[PDB]
Amino acid sequence: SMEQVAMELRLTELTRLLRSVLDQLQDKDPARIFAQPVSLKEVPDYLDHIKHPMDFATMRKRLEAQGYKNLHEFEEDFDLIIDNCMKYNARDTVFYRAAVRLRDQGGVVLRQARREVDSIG
């Protein structure tokens, strides 16, 4: 139907905007601490601690399959990256501290993303 096509175009355009958001958030992790899944070879107990692992590569795979239907779903995954790290790692670690800085800097980006998503529809 034509309605299905219009819905698909809206999803495509959201995907475009989320790709720009993802790039901007990933620039706030210049150490690449959050770039890839935590390795279960290197951290074999990880899944005993963290039930829903997340990372920027995993998000990018979902995004490119147009698997984010709205900005809330995308933010949920971003918050998992941060929140997982802040539980597994202690406050005195470069990992925790990177997550704090990514959360604080990403908030600014996400605030305007929400306005754009609402504004453009």
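Listed values, structure above:
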read-out	value
Spin-label model distance (nm) - residue 62 vs residue 39, 7 Å beyond Cα toward Cβ	2.4 nm
Computed P(r) (all Cα pairs; the range 6-107; 10 Å bins; percent)	14, 47, 29, 9, 1
Inter-probe distance in nm under a simple model that places probes 7 Å from Cα toward Cβ, at residue 69 and residue 115	2.8 nm
For 104, 83, 48, order by how many other beta-carbon atoms lie within 10 Å, fewest first	48, 104, 83
Crossing angle, helix 2-27 versus the chain [Cα axis fit, 0-90 degrees, rounded to tens]	30 degrees
Rough spin-label spacing in nm, given labels placed 7 Å along Cα→Cβ, for residue 8 and residue 87	3.8 nm
Burial ordering of 69, 41, fewest other beta-carbon atoms within 10 Å first	41, 69
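Using ideal geometry, Cβ is built from the backbone for each residue, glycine included, and neighbour counts are taken over all protein chains shown. Readers should treat all values here as calculations from the given coordinates under stated rules, not as data from a laboratory.
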